[PDB]
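Visitor: Below are the structure tokens for one structure; questions will follow.
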Amino acid sequence: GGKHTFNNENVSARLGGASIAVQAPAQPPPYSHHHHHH
Amino acid sequence: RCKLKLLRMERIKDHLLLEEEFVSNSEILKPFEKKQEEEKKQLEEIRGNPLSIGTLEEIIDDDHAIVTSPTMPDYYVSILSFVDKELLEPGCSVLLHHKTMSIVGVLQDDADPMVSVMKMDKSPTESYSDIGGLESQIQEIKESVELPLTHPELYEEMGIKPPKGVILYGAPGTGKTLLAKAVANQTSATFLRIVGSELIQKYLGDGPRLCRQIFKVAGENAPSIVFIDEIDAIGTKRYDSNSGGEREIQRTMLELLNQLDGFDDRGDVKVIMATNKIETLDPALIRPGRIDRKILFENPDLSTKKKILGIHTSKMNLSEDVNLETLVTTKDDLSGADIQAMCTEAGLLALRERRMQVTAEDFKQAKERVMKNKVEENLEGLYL
Amino acid sequence: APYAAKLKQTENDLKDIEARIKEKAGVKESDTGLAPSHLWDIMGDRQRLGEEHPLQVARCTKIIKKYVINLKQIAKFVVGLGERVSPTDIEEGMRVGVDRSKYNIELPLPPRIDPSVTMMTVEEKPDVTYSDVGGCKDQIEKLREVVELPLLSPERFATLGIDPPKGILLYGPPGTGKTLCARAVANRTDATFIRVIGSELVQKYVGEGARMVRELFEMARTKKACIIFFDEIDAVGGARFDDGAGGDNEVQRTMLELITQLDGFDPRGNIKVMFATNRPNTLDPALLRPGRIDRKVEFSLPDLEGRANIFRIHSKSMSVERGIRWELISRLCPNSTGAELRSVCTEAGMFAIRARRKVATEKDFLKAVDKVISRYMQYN
Amino acid sequence: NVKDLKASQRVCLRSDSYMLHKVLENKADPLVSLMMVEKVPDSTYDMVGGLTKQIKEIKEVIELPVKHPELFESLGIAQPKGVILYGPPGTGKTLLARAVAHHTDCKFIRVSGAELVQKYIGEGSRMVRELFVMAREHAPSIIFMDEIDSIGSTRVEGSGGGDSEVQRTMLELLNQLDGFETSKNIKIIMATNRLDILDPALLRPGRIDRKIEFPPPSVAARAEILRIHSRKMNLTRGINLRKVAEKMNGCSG
Amino acid sequence: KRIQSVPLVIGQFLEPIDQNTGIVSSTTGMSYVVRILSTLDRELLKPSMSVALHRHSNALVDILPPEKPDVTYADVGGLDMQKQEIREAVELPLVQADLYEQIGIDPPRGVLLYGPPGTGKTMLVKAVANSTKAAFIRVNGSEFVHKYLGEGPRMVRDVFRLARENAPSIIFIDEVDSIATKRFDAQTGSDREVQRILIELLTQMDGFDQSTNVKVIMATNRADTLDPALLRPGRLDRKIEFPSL
Amino acid sequence: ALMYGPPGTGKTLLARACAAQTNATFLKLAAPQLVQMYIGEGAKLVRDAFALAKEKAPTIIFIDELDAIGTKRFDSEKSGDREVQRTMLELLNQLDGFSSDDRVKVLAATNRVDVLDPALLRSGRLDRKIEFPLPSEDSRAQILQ
Ligand SMILES: Nc1ncnc2c1ncn2[C@@H]1O[C@H](COP(=O)(O)OP(=O)(O)OP(=O)(O)O)[C@@H](O)[C@H]1O
Ligand SMILES: Nc1ncnc2c1ncn2[C@@H]1O[C@H](COP(=O)(O)OP(=O)(O)OP(=O)(O)O)[C@@H](O)[C@H]1O
Ligand SMILES: Nc1ncnc2c1ncn2[C@@H]1O[C@H](COP(=O)(O)OP(=O)(O)OP(=O)(O)O)[C@@H](O)[C@H]1O
Ligand SMILES: Nc1ncnc2c1ncn2[C@@H]1O[C@H](COP(=O)(O)OP(=O)(O)OP(=O)(O)O)[C@@H](O)[C@H]1O
Ligand SMILES: Nc1ncnc2c1ncn2[C@@H]1O[C@H](COP(=O)(O)OP(=O)(O)O)[C@@H](O)[C@H]1O
């Protein structure tokens, strides 16, 4: 009744994103006004 | 306890029921119609044994249509004209003949499994009068959730738009998760049991559609109730987050607060959220429109405790000398859940002396144990 | 010891009998069907094996004086025809029909129209109007002047000499009615509307969501005078950065399908845009540049006068005595939002129901405020 | 028959016809290796000495609700559902959970901390849930845990949340709707070296109904710790190992 | 025996379900149930082993099974007694065990080698392998640290999963003072994971495991910094020192 | 060429102009118009264009938001991480495949330069640059008029 094949391949890309990280050192100011400047 | 005569009535009625249905099935059934004789004899004649499944991106009148699907490529396909042809729509799901493709039937939902897990089938035995520690916190939400299924005239005569969604926070050990399993006993509508952590998945864009499922399935299956617990999992607070995982937590937080109130209305879906620390979380998910009130649980006072242990201890013998009424005198920094332990340890601490019914020594021998663990809250003693 | 011998087994007998019912009935399920035209099944089989085989779609790339194709999955052929017209009816581009056995062409069909975007159009018109809004009377005027007047009265904007703007943005704190005024204007549209679901732009296959963006507009400018309502673009229109983890890398590639499409080489005609936020600082500057956003609006909090006209909306359906004075309730509700008033109008009504009265009062409103807002000596 | 199929199970299909002819089991879950034990450890209660009162609380909570719990229905109280045991290192606490396995008759699961974490968003909180279901079908069952995923008294910032979300699901399982309605035979043990750092949440009764102090020993205490370690040594005659303890208090055990 | 000939096709056993039937998830991509044949072992299959299948049936057929240090204690310089102590700690327990059994004790587990650099620590340990022939795993402590959460303790647990497999085996770590130093507390998120590193390392030796590994050979430049909870006897009990000048 | 600088200095506009005044053809492609799901959908697309531009010559190319593909090397073995950059690897070989005899002339644009891969900036490929500034106050007078 049917002679064709299908050949289900992985022609599609894909991805899994949980790029979870730790540090975040971005920007500590301990001199918000330099604390008497002097 | 001689409740049995209120028990031997029903199993005999579970038996007479068992008497009826097999009898109702066994030859008092009357099968002769064209359905069992003609209908069901034809479908399996053309419907093969395997019926594949897929979707469809577009349709044409006169039994000509299209399919998409993972294992195979697309197709141009005909219809057999017994599917309620003026039903189906894009995005639907289908029943495809196997040797040749052909749209033959369509399913109702086929939504997802996990949503079909979280629903209730059983019913937890806990109830009101399993707790009696309080009077108001029970009430201040009950009138949101349990009357409108019974007594809604009182909300249309006064004629307003009732509330749909609350939150219940406070210090632990006080019976938050409890108070859900009570109301879910006596609701008459469906129910959903969740944690906010459940609904984040590794892949990029599986949550935000998941949250769009359950706020769909509850809508169609109205009336309905939802219960998120420890939602500070996912909805706590937002920041800019130069990262790639924290944001997929936000998209769920942002799609949720679209469902609860946005462009299109949700229906009759009554949320119940729980949490142990608000001020360290929850920016805008906590406002009216979404949650129209906010309940405060705290560690009990004196007079509540008089009713707490009385129901924990309505079964133990304890008949001698206890004088409960000065057992728990001050605040003592203990919740209703430090009660359940003390009724426990002082139950068996008797038993290890091979005595069953109890005295006070067995109690205070426990109370000294629990309270021992307490951190020195008055480690300061600086404030005379 | 007297009777408990029985209760421990008879109770554990129910479940034996209960599931004993599950082994009595069976199961029942359906999918579809029909009663009156119950005799469908004479035309089916004759319709089946005839000249109604299936096809396996593709789309051409070249018509060499034969007929190259490219399947959906990457497999490219070069083919011929049966009875379908070779030279004339076909051209490049279109969707087609190909056999399953030896790949001849047999039938065209039009270009693709994804479901999702048609799941994204709105057809039934909501109910609110600018008379149901809470008296933010100015900010609407900056809104509609973008949207409808360049579609109804362009004879003013054009003749004087101004090319109107074609893009707004809305920002204010929550509970303030950013989405309200936007569901409204769909009522008074006089053209179409779109409710973009942001959840469909972040699929887990690369370069896909962007495909949904551009098709969102190919159908728009096809249509005449479309407008669009995003919401919570803080998800999509987030800022940019460089990280060798960068797990938001993909969603950046989507939005670039947007901004390149909004301002470059004018695929746009008359389509306008609408946005909404609670975080208007983080989102990238490119999406708040003129050209893209020629206009933006601050739904700041209300004032006492405008605060009142919120009550007059949410109070009409209610049973209340004539003689309350709102100029307390407003005065006594400090800086707060549309919603936190709507909860108040409500909960004045609920405390009635807690006592089984039938009409509200003036105090029950006040007894609501202390419950919503929630003493101090160093001010008196 | 097509009604006894406990759904979401795992079966066979026939090539070219797609027809069922067998049934298989729910297991082959991904995390099983460290997630249970197929062969028991080797230790027992007389390999340990110096403390036995501590034991009596364990077998009071663990074994009685499992061995014959008809009793509690007479005593009119609730079964318990967990403990926790604290004290310095070098006392023999992780010893005991190796040793409890020998003499259970119910199975055993063990998770050092840091096996839960799996570096994606929800790969952790899917993993805890993949644990408890593996318990219930194999019921009854015991779990043993060194725990610092539950470290931190709920600090509030960015990427210390990714384990908190692995912490908070587990609190549900111990007193969820279903957990409190289901966690009747499942049981739990956990350990530590500190309890000045954890939440106050795990430390409630309803999740850990009692807790234990493992202190370092007396001198007469330690003497039995040596006889067991020396049972295979030769031990020439003129020994007073009641003294060696006193010449140096082993401040550990 | 015919079909047991070529051309076979590969796969990968997963698990059994019966005395005469198992399953496979081949390399071709899909998963298949399949029946083993007799005239074949069973003791050797349960893990994700390697296998061979019959193509059309997708049946099962038969099983199939499968750095170099060059130094020696004369190629090294002198360093006499330091050498003598690791021959006691490391060489004996691998080729001699009745020694430690009959006395009434158990072997010591690994050691550490403190003392200033450029001193023949690492090379000694290589020679030790070269005599005893056992496997060898060299690795550095600044590799266990990693920025993606949990991307470190996966490592420390992964090597032991194989350092048992190729047993008898040992390890060298040319630096551990980096990730090992006493700290009064962590007011930080990153440095807390350093504890999650260590506490698994400290867990693997002490928890239930095999006995042929003598894995840990901690190298460093000082020893006045480590956690005494790492020095709990059972973990490490043979301090070692080398010259400075 | 390349035209770096911030939003609103007249980048895309100017390419609307240069395509007009010159009596040659002109071409366009947003960068994300290149990237596509399937694992051979992009690279074939770009080998076509430049080849098509060697045909129909002389030509001009416009790449509007190069900040998408041109970031850096996002090292991985996943699908989605490879198929992206592998386009860039074709773009380079396309630039270094022809000469300054055949009369193409490519350019580009961006809002960013602290984000993209210097291999494009290597001597020969995209060398001449333009630091589109903000406008001085004299220029403010022209623009409004
Ligand atoms: N009034 C009361 N009567 C009886 N039990 C009480 C009462 N108040 C508190 N409890 C006890 O408190 C326990 C429930 O604690 P609770 O449900 O508040 O934890 P939880 O914070 O909800 O947990 P989670 O945060 O995971 O939801 C029950 O075991 C219950 O016995
Ligand atoms: N000005 C107003 N007049 C009357 N009702 C209002 C007003 N503003 C807000 N509301 C109430 O708030 C709801 C919508 O508020 P709004 O549009 O501010 O939500 P939102 O800001 O889109 O929410 P989010 O910030 O989470 O997106 C409506 O259902 C309405 O009941
Ligand atoms: N009473 C005892 N009998 C036998 N051995 C003991 C005893 N007390 C301590 N030990 C010894 O102590 C060691 C176990 O220490 P312990 O298990 O307390 O640390 P730990 O619990 O593993 O620490 P952590 O669980 O925090 O990693 C074993 O090597 C054991 O021989
Ligand atoms: N120097 C200029 N001369 C004339 N018009 C200008 C100038 N600078 C900006 N404009 C105006 O700004 C718009 C063009 O902006 P431009 O094309 O620079 O945006 P862009 O920087 O390309 O945005 P993106 O970089 O995100 O593509 C036009 O509408 C134009 O009227
Ligand atoms: N006593 C010695 N005999 C022979 N070679 C030595 C000796 N001491 C040091 N070396 C040399 O030092 C080098 C290795 O130093 P190494 O042990 O790696 O330093 P570290 O221990 O700090 O890593 C080798 O090349 C080796 O030749």
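Identifiers for the structure tokens are assigned positionally: chains receive A, B, ... in sequence, residues are indexed from 1 per chain, and ligands are indexed from 1 in the order shown.
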Give as a VMD selection string every residue of chain A that touches chain E within 9 Å, counting only C-alpha atoms.

Guide: chain A and resid 19 to 23

Visitor: Counting only C-alpha atoms and all ligand atoms, name the residues that have an atom within 8 Å of an atom of ligand 1; the answer should be given as number ranges by chain.

Guide: B: 130-134, 171-179, 229-230, 274-276, 304-305, 307-309, 311-312, 335-340; D: 168-169, 171-176, 201, 205-206

Visitor: Could the residues of chain E within 8 Å of chain D, counting only C-alpha atoms, be given as number ranges by chain, please?

Guide: E: 17, 33, 102-105, 148-151, 153, 189, 196, 200, 203, 207-208, 229, 232

Visitor: Can you spit out the residues from that selection as a PDB file, in the first residue's frame, using N, CA, C and O atoms?

Guide:
```pdb
ATOM      1  N   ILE E  17      14.339  -7.025  31.793  1.00  0.00           N
ATOM      2  CA  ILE E  17      12.964  -7.141  32.243  1.00  0.00           C
ATOM      3  C   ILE E  17      12.556  -8.577  32.508  1.00  0.00           C
ATOM      4  O   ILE E  17      11.436  -8.815  32.959  1.00  0.00           O
ATOM      5  N   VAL E  33      12.689  -2.862  22.422  1.00  0.00           N
ATOM      6  CA  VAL E  33      12.706  -4.086  23.198  1.00  0.00           C
ATOM      7  C   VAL E  33      13.235  -5.199  22.312  1.00  0.00           C
ATOM      8  O   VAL E  33      13.103  -5.163  21.087  1.00  0.00           O
ATOM      9  N   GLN E 102      45.939  -8.351  59.509  1.00  0.00           N
ATOM     10  CA  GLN E 102      46.145  -9.217  60.658  1.00  0.00           C
ATOM     11  C   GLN E 102      46.463  -8.425  61.913  1.00  0.00           C
ATOM     12  O   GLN E 102      46.229  -8.907  63.025  1.00  0.00           O
ATOM     13  N   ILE E 103      47.016  -7.226  61.757  1.00  0.00           N
ATOM     14  CA  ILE E 103      47.394  -6.442  62.919  1.00  0.00           C
ATOM     15  C   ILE E 103      46.173  -6.003  63.690  1.00  0.00           C
ATOM     16  O   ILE E 103      46.228  -5.885  64.915  1.00  0.00           O
ATOM     17  N   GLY E 104      45.082  -5.698  62.994  1.00  0.00           N
ATOM     18  CA  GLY E 104      43.828  -5.333  63.624  1.00  0.00           C
ATOM     19  C   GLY E 104      43.412  -3.915  63.326  1.00  0.00           C
ATOM     20  O   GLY E 104      42.746  -3.271  64.141  1.00  0.00           O
ATOM     21  N   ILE E 105      43.794  -3.423  62.157  1.00  0.00           N
ATOM     22  CA  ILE E 105      43.607  -2.036  61.777  1.00  0.00           C
ATOM     23  C   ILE E 105      43.103  -1.982  60.343  1.00  0.00           C
ATOM     24  O   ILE E 105      42.852  -3.007  59.707  1.00  0.00           O
ATOM     25  N   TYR E 148      29.500  28.542  36.437  1.00  0.00           N
ATOM     26  CA  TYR E 148      28.149  28.020  36.435  1.00  0.00           C
ATOM     27  C   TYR E 148      27.921  27.192  37.682  1.00  0.00           C
ATOM     28  O   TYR E 148      28.702  26.291  37.995  1.00  0.00           O
ATOM     29  N   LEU E 149      26.853  27.516  38.388  1.00  0.00           N
ATOM     30  CA  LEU E 149      26.492  26.841  39.619  1.00  0.00           C
ATOM     31  C   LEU E 149      26.409  25.338  39.417  1.00  0.00           C
ATOM     32  O   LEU E 149      25.780  24.861  38.472  1.00  0.00           O
ATOM     33  N   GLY E 150      27.068  24.590  40.297  1.00  0.00           N
ATOM     34  CA  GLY E 150      27.080  23.149  40.197  1.00  0.00           C
ATOM     35  C   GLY E 150      27.946  22.592  39.098  1.00  0.00           C
ATOM     36  O   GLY E 150      27.989  21.370  38.931  1.00  0.00           O
ATOM     37  N   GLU E 151      28.618  23.436  38.331  1.00  0.00           N
ATOM     38  CA  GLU E 151      29.550  22.955  37.332  1.00  0.00           C
ATOM     39  C   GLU E 151      30.887  22.549  37.930  1.00  0.00           C
ATOM     40  O   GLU E 151      31.772  22.124  37.180  1.00  0.00           O
ATOM     41  N   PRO E 153      31.099  20.735  41.477  1.00  0.00           N
ATOM     42  CA  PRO E 153      30.921  19.463  42.177  1.00  0.00           C
ATOM     43  C   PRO E 153      30.498  18.332  41.278  1.00  0.00           C
ATOM     44  O   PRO E 153      30.596  17.170  41.680  1.00  0.00           O
ATOM     45  N   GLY E 189      27.860  35.018  47.815  1.00  0.00           N
ATOM     46  CA  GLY E 189      27.254  33.878  47.151  1.00  0.00           C
ATOM     47  C   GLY E 189      28.276  32.966  46.506  1.00  0.00           C
ATOM     48  O   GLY E 189      28.178  31.741  46.612  1.00  0.00           O
ATOM     49  N   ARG E 196      30.545  24.075  48.947  1.00  0.00           N
ATOM     50  CA  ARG E 196      29.814  22.966  48.353  1.00  0.00           C
ATOM     51  C   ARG E 196      30.748  22.077  47.552  1.00  0.00           C
ATOM     52  O   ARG E 196      30.525  20.866  47.436  1.00  0.00           O
ATOM     53  N   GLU E 200      31.717  17.979  49.398  1.00  0.00           N
ATOM     54  CA  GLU E 200      31.524  16.755  48.639  1.00  0.00           C
ATOM     55  C   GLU E 200      32.817  15.972  48.554  1.00  0.00           C
ATOM     56  O   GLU E 200      32.814  14.737  48.598  1.00  0.00           O
ATOM     57  N   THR E 203      33.257  14.335  51.598  1.00  0.00           N
ATOM     58  CA  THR E 203      32.209  13.345  51.781  1.00  0.00           C
ATOM     59  C   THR E 203      32.547  12.045  51.081  1.00  0.00           C
ATOM     60  O   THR E 203      32.190  10.966  51.562  1.00  0.00           O
ATOM     61  N   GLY E 207      32.313   8.788  53.328  1.00  0.00           N
ATOM     62  CA  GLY E 207      31.128   7.994  53.055  1.00  0.00           C
ATOM     63  C   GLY E 207      31.472   6.641  52.466  1.00  0.00           C
ATOM     64  O   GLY E 207      32.648   6.331  52.248  1.00  0.00           O
ATOM     65  N   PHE E 208      30.458   5.827  52.191  1.00  0.00           N
ATOM     66  CA  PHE E 208      30.700   4.466  51.731  1.00  0.00           C
ATOM     67  C   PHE E 208      31.251   4.474  50.312  1.00  0.00           C
ATOM     68  O   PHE E 208      30.757   5.201  49.445  1.00  0.00           O
ATOM     69  N   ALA E 229      38.939  20.227  59.996  1.00  0.00           N
ATOM     70  CA  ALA E 229      37.892  19.283  59.654  1.00  0.00           C
ATOM     71  C   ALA E 229      38.255  18.496  58.414  1.00  0.00           C
ATOM     72  O   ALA E 229      37.676  17.431  58.178  1.00  0.00           O
ATOM     73  N   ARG E 232      40.566  15.627  59.932  1.00  0.00           N
ATOM     74  CA  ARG E 232      39.982  14.665  60.834  1.00  0.00           C
ATOM     75  C   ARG E 232      40.624  13.318  60.527  1.00  0.00           C
ATOM     76  O   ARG E 232      40.598  12.893  59.363  1.00  0.00           O
TER      77      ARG E 232
END
```

Visitor: Within 10 Å of ligand 5, which residues show up when you count only C-alpha atoms and all ligand atoms? List them as a list in words, please.

Guide: residues 73, 74, 75, 76, 77, 78, 79, 80, 113, 114, 115, 116, 117, 118, 119, 120, 121, 122, 123, 124, 125, 173, 174, 175, 219, 220, 221, 242 and 243 of chain E

Visitor: Got time to write the residues from that selection, C-alpha atoms, as a CSV table (one decimal), in the first residue's frame?

Guide:
```csv
chain,number,residue,atom,x,y,z
E,73,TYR,CA,63.4,6.5,42.3
E,74,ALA,CA,66.9,6.7,40.8
E,75,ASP,CA,65.9,9.1,38.1
E,76,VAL,CA,64.9,11.4,40.9
E,77,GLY,CA,67.5,13.0,43.1
E,78,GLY,CA,68.0,12.1,46.7
E,79,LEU,CA,65.3,12.9,49.2
E,80,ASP,CA,65.6,9.7,51.1
E,113,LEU,CA,52.8,17.0,50.6
E,114,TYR,CA,53.5,20.4,52.0
E,115,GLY,CA,56.6,22.4,51.2
E,116,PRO,CA,57.8,25.0,48.8
E,117,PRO,CA,57.6,24.6,45.1
E,118,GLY,CA,60.0,23.3,42.5
E,119,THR,CA,60.8,20.5,44.8
E,120,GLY,CA,59.9,17.2,43.1
E,121,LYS,CA,56.6,16.7,44.8
E,122,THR,CA,54.6,15.9,41.6
E,123,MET,CA,57.4,13.9,40.0
E,124,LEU,CA,57.8,11.7,43.0
E,125,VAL,CA,54.2,10.8,42.9
E,173,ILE,CA,46.5,17.6,43.0
E,174,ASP,CA,49.2,20.2,42.4
E,175,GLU,CA,47.3,22.8,44.3
E,219,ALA,CA,50.0,19.2,47.2
E,220,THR,CA,50.4,22.8,48.3
E,221,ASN,CA,53.0,25.3,49.5
E,242,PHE,CA,60.4,18.9,51.9
E,243,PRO,CA,63.4,21.2,52.0
```

Visitor: Find the residues of chain F in contact range of chain C, meaning any atom within 7 Å when counting only C-alpha atoms, and list them as a list in words.

Guide: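 The contacting residues on chain F are residues 7, 12, 16, 30, 32, 35, 36, 37, 68, 74, 80 and 115 of chain F.
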
Visitor: Generate the output file for the selected residues, N, CA and C atoms, as a short mmCIF file (atom, residue, chain, number, x, y, z; two decimals), in the first residue's frame.

Guide:
```cif
data_model
loop_
_atom_site.label_atom_id
_atom_site.label_comp_id
_atom_site.auth_asym_id
_atom_site.auth_seq_id
_atom_site.Cartn_x
_atom_site.Cartn_y
_atom_site.Cartn_z
N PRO F 7 22.36 55.49 18.68
CA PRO F 7 21.06 55.69 18.05
C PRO F 7 20.82 57.15 17.71
N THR F 12 20.89 54.50 9.11
CA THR F 12 20.03 53.88 8.13
C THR F 12 19.55 54.89 7.09
N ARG F 16 19.69 54.95 2.77
CA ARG F 16 18.58 55.25 1.88
C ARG F 16 19.00 56.29 0.84
N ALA F 30 18.77 42.78 6.91
CA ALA F 30 18.97 42.72 8.34
C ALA F 30 19.72 41.45 8.66
N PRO F 32 19.33 39.28 11.36
CA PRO F 32 18.53 38.13 11.77
C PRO F 32 17.68 37.56 10.66
N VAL F 35 19.73 34.22 10.02
CA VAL F 35 19.66 33.05 10.88
C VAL F 35 18.31 32.38 10.75
N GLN F 36 18.32 31.06 10.73
CA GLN F 36 17.11 30.29 10.53
C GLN F 36 17.26 28.96 11.24
N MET F 37 16.13 28.27 11.43
CA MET F 37 16.11 27.05 12.24
C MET F 37 17.06 26.02 11.68
N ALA F 68 24.04 41.43 15.98
CA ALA F 68 23.45 40.14 16.28
C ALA F 68 24.46 39.01 16.14
N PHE F 74 30.98 32.33 21.03
CA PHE F 74 30.20 31.72 22.10
C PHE F 74 30.46 30.23 22.03
N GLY F 80 22.11 25.43 18.61
CA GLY F 80 21.78 26.83 18.45
C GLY F 80 22.98 27.74 18.56
N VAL F 115 30.99 45.19 21.66
CA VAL F 115 30.26 43.93 21.74
C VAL F 115 30.64 42.95 20.64
#
```

Visitor: Within 10 Å of chain F, which residues of chain A show up when using only C-alpha atoms, listed as an MDAnalysis selection string?

Guide: chainID A and resid 10:16

Visitor: Keeping N, CA, C and O atoms for every residue in the selection just given, could you write it to a file as a short mmCIF file (atom, residue, chain, number, x, y, z; two decimals), in the first residue's frame?

Guide:
```
data_model
loop_
_atom_site.label_atom_id
_atom_site.label_comp_id
_atom_site.auth_asym_id
_atom_site.auth_seq_id
_atom_site.Cartn_x
_atom_site.Cartn_y
_atom_site.Cartn_z
N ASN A 10 17.28 15.00 12.51
CA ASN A 10 17.41 16.14 13.41
C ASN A 10 17.79 17.40 12.65
O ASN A 10 18.63 18.18 13.11
N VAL A 11 17.20 17.61 11.48
CA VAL A 11 17.54 18.75 10.64
C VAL A 11 17.35 20.07 11.38
O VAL A 11 17.94 21.09 11.00
N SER A 12 16.52 20.09 12.41
CA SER A 12 16.28 21.29 13.19
C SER A 12 17.33 21.45 14.27
O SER A 12 17.81 20.47 14.84
N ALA A 13 17.68 22.70 14.54
CA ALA A 13 18.49 23.01 15.70
C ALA A 13 17.61 23.01 16.95
O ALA A 13 16.41 22.72 16.90
N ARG A 14 18.23 23.33 18.07
CA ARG A 14 17.56 23.36 19.36
C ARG A 14 18.57 23.90 20.36
O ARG A 14 19.73 24.16 20.02
N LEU A 15 18.12 24.07 21.60
CA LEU A 15 18.92 24.76 22.60
C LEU A 15 18.18 24.67 23.92
O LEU A 15 16.95 24.56 23.95
N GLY A 16 18.95 24.73 24.99
CA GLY A 16 18.40 24.75 26.33
C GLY A 16 19.11 25.80 27.14
O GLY A 16 20.31 25.69 27.41
#
```

Visitor: List the spatial neighbours of residue 55 in chain E as a list in words - criterion: any atom at most 12 Å away, only C-alpha atoms, same-chain residues fewer than 4 positions off excluded.

Guide: residues 3, 4, 5, 6, 7, 8, 9, 10, 11, 26, 28, 34, 59, 60 and 61 of chain E

Visitor: Write the selection just made, keeping C-alpha atoms, as a JSON list (two decimals), in the first residue's frame?

Guide:
```
[["chain", "number", "residue", "atom", "x", "y", "z"],
["E", 3, "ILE", "CA", 23.55, -14.79, 12.59],
["E", 4, "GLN", "CA", 26.19, -14.10, 15.20],
["E", 5, "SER", "CA", 28.36, -13.36, 12.14],
["E", 6, "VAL", "CA", 28.43, -10.05, 10.25],
["E", 7, "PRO", "CA", 27.06, -7.46, 9.42],
["E", 8, "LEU", "CA", 25.95, -6.58, 12.87],
["E", 9, "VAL", "CA", 24.83, -3.24, 14.25],
["E", 10, "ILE", "CA", 25.80, -1.61, 17.51],
["E", 11, "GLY", "CA", 23.77, -0.45, 20.46],
["E", 26, "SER", "CA", 20.73, 2.01, 19.92],
["E", 28, "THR", "CA", 20.53, 4.76, 15.31],
["E", 34, "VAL", "CA", 14.62, -7.17, 22.20],
["E", 59, "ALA", "CA", 17.73, -8.55, 17.86],
["E", 60, "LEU", "CA", 20.71, -9.15, 20.14],
["E", 61, "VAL", "CA", 23.72, -11.30, 19.45]]
```

Visitor: Starting from chain B, keep only residues with some atom at most 8 Å from an atom of chain C, counting only C-alpha atoms, and report them as a PyMOL selection string.

Guide: chain B and resi 2+4+11+14-15+18+21-22+57-58+73-78+80-84+90-91+100-101+105-108+154+157-162+203-205+208-209+240+242-245+247+250-251+254-255+262-263+284+287-289+292-293

Visitor: Which is closest to ligand 3 among E:131, E:244, E:211, E:204, if we use only C-alpha atoms and all ligand atoms?

Guide: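 For ligand 3, the nearest of the candidates is E:204.
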
Visitor: Got a sec to tell me which of range 22-247 of chain C DSSP assigns to helix (DSSP H, G or I), as an MDAnalysis selection string?

Guide: chainID C and resid 22 43:48 115:118 137:147 149:152 154:160 180:187 198:200 209:222

Visitor: Would you give me, as a list in words, the residues in range 28-211 of chain E that DSSP reads as strand (DSSP E)?

Guide: residues 31, 32, 33, 34, 51, 52, 53, 62, 63, 111, 112, 113, 135, 136, 137, 138, 139, 169, 170, 171, 172 and 173 of chain E

Visitor: In Å, how far is it from CA of residue 191 in chain B to CA of residue 146 in chain B?

Guide: 12.7 Å

Visitor: Near chain C, which residues of chain D fall within 10 Å when you count only C-alpha atoms, and what do they look like as a PyMOL selection string?

Guide: chain D and resi 2-4+70+73-74

Visitor: Write out as a list in words the residues lying within 12 Å of residue 138 in chain C, counting only C-alpha atoms and excluding same-chain residues fewer than 5 positions away.

Guide: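 Listed by chain and then number, they are residues 130, 133, 143, 144, 145, 297, 298, 299, 300, 302 and 306 of chain C.
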
Visitor: Using only C-alpha atoms and a distance of at most 9 Å, pull out the residues of chain B that contact chain D, as a PyMOL selection string.

Guide: chain B and resi 49-50+113+124-126+172-173+177-178+180-181+193+195-203+229-230+232-234+239+241+245-246+248-249+280-281+312-317+337-341+343-345+347-348+351+356-357+370+373+375
